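Undergrad: My structure is below; once you've seen it, I'll send some questions.
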Amino acid sequence: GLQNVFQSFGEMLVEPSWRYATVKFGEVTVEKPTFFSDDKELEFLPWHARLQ
Amino acid sequence: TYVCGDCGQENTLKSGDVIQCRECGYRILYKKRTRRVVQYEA
Ligand SMILES: [Zn+2]
């Protein structure tokens, strides 16, 4: 689903009014949820999110 | 005296900023039940 959504959107050239800026999007990757603790990364669980 | 979650360790922390378990990384603590007499009617 996400790959089709990102592939469908096409970014055209950006011109304020020579130099021009164009952007593009590659493969979309999603990582597993992880809690960003102060000490180190920890496993994230649904009940941890519910309690916190 | 407070009990941590997945890790077994007594917190015993009463400071306001102390919410994270010592020698641990999780911030979930359970209050421990002391030895107190409670009367119930059957
Ligand atoms: Zn702990």
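Residue numbers start at 1 in each chain; chains themselves are named A, B, ... in the order of the structure tokens; ligands are numbered from 1 in the order shown.
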Give me, as a VMD selection string, the set of residues whose atoms come within 9 Å of any atom of ligand 1, counting only C-alpha atoms and all ligand atoms.

TA: chain B and resid 3 to 11 20 to 29

Undergrad: Using C-alpha atoms, can you export the residues from the last selection as a PDB file, in the first residue's frame?

TA:
```pdb
ATOM      1  CA  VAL B   3       8.447  -3.244  42.043  1.00  0.00           C
ATOM      2  CA  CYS B   4       9.519  -2.910  38.408  1.00  0.00           C
ATOM      3  CA  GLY B   5       7.869  -4.646  35.458  1.00  0.00           C
ATOM      4  CA  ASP B   6       9.530  -7.354  33.380  1.00  0.00           C
ATOM      5  CA  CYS B   7      12.680  -6.935  35.497  1.00  0.00           C
ATOM      6  CA  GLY B   8      12.637  -8.021  39.127  1.00  0.00           C
ATOM      7  CA  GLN B   9      14.168  -5.321  41.313  1.00  0.00           C
ATOM      8  CA  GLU B  10      13.032  -3.196  44.250  1.00  0.00           C
ATOM      9  CA  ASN B  11      13.053   0.479  43.274  1.00  0.00           C
ATOM     10  CA  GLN B  20      12.972   5.003  35.854  1.00  0.00           C
ATOM     11  CA  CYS B  21      13.977   1.663  37.355  1.00  0.00           C
ATOM     12  CA  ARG B  22      17.590   1.431  38.493  1.00  0.00           C
ATOM     13  CA  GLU B  23      19.824  -0.951  36.518  1.00  0.00           C
ATOM     14  CA  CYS B  24      16.942  -1.083  34.029  1.00  0.00           C
ATOM     15  CA  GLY B  25      15.431   0.925  31.195  1.00  0.00           C
ATOM     16  CA  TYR B  26      11.676   0.661  31.678  1.00  0.00           C
ATOM     17  CA  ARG B  27       9.622   3.315  33.466  1.00  0.00           C
ATOM     18  CA  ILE B  28       6.814   1.100  34.816  1.00  0.00           C
ATOM     19  CA  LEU B  29       6.686   0.556  38.583  1.00  0.00           C
TER      20      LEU B  29
END
```

Undergrad: Residues of chain A were defined as contacting chain B if any atom lay at most 9 Å from it, counting only C-alpha atoms; please report them as a ChimeraX atom specification.

TA: /A:37-42,48,51-52

Undergrad: Write down as a list in words the residues of chain A whose backbone DSSP state falls under helix (DSSP H, G or I).

TA: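 Residues of chain A classed as helix (DSSP H, G or I): residues 2, 3, 4, 5, 6, 7, 8, 46, 47, 48, 49, 50 and 51 of chain A.
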
Undergrad: Tell me, as a PDB file with N, CA, C and O atoms, in the first residue's frame, which residues lie within 12 Å of residue A:11, counting only C-alpha atoms; anything in the same chain fewer than 6 positions away does not count.

TA:
```pdb
ATOM      1  N   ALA A  21      15.390  23.031  -8.308  1.00  0.00           N
ATOM      2  CA  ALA A  21      15.446  21.958  -7.325  1.00  0.00           C
ATOM      3  C   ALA A  21      14.346  20.947  -7.609  1.00  0.00           C
ATOM      4  O   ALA A  21      13.173  21.315  -7.728  1.00  0.00           O
ATOM      5  N   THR A  22      14.729  19.676  -7.716  1.00  0.00           N
ATOM      6  CA  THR A  22      13.793  18.581  -7.922  1.00  0.00           C
ATOM      7  C   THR A  22      14.067  17.491  -6.897  1.00  0.00           C
ATOM      8  O   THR A  22      15.224  17.196  -6.587  1.00  0.00           O
ATOM      9  N   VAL A  23      12.997  16.896  -6.373  1.00  0.00           N
ATOM     10  CA  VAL A  23      13.102  15.854  -5.363  1.00  0.00           C
ATOM     11  C   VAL A  23      12.506  14.567  -5.916  1.00  0.00           C
ATOM     12  O   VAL A  23      11.704  14.571  -6.854  1.00  0.00           O
ATOM     13  N   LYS A  24      12.915  13.449  -5.318  1.00  0.00           N
ATOM     14  CA  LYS A  24      12.436  12.138  -5.727  1.00  0.00           C
ATOM     15  C   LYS A  24      12.364  11.236  -4.506  1.00  0.00           C
ATOM     16  O   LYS A  24      13.016  11.480  -3.488  1.00  0.00           O
ATOM     17  N   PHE A  25      11.558  10.183  -4.619  1.00  0.00           N
ATOM     18  CA  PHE A  25      11.349   9.228  -3.540  1.00  0.00           C
ATOM     19  C   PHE A  25      11.674   7.827  -4.035  1.00  0.00           C
ATOM     20  O   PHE A  25      11.209   7.419  -5.105  1.00  0.00           O
TER      21      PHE A  25
END
```

Undergrad: Can you tell me, as a list in words, what residues are no more than 9 Å from residue A:27 when counting only C-alpha atoms, ignoring any on the same chain fewer than 2 positions away?

TA: residues 3, 6, 7, 25 and 29 of chain A

Undergrad: Since we have the selection now, will you write its residues out, keeping N, CA, C and O atoms, as a PDB file, in the first residue's frame?

TA:
```pdb
ATOM      1  N   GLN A   3       3.964   1.696  -0.822  1.00  0.00           N
ATOM      2  CA  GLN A   3       4.776   1.824  -2.028  1.00  0.00           C
ATOM      3  C   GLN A   3       3.967   2.415  -3.176  1.00  0.00           C
ATOM      4  O   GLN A   3       4.457   3.282  -3.908  1.00  0.00           O
ATOM      5  N   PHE A   6       3.350   6.219  -2.448  1.00  0.00           N
ATOM      6  CA  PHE A   6       4.512   7.060  -2.714  1.00  0.00           C
ATOM      7  C   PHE A   6       4.868   7.086  -4.195  1.00  0.00           C
ATOM      8  O   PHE A   6       5.374   8.100  -4.689  1.00  0.00           O
ATOM      9  N   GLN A   7       4.618   5.992  -4.918  1.00  0.00           N
ATOM     10  CA  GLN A   7       4.914   5.972  -6.346  1.00  0.00           C
ATOM     11  C   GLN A   7       3.903   6.783  -7.145  1.00  0.00           C
ATOM     12  O   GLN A   7       4.250   7.349  -8.187  1.00  0.00           O
ATOM     13  N   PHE A  25      11.558  10.183  -4.619  1.00  0.00           N
ATOM     14  CA  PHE A  25      11.349   9.228  -3.540  1.00  0.00           C
ATOM     15  C   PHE A  25      11.674   7.827  -4.035  1.00  0.00           C
ATOM     16  O   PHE A  25      11.209   7.419  -5.105  1.00  0.00           O
ATOM     17  N   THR A  29      10.749   1.879   3.320  1.00  0.00           N
ATOM     18  CA  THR A  29      10.980   0.817   4.288  1.00  0.00           C
ATOM     19  C   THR A  29      10.440   1.237   5.648  1.00  0.00           C
ATOM     20  O   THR A  29      10.607   2.388   6.064  1.00  0.00           O
TER      21      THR A  29
END
```

Undergrad: Among chain A, which ones does DSSP place in strand (DSSP E), written as a ChimeraX atom specification?

TA: /A:34-36,41-43

Undergrad: So, with only C-alpha atoms as the atoms that count, which of A:44, A:35, A:49, A:26 lies closest to residue A:9?

TA: A:26
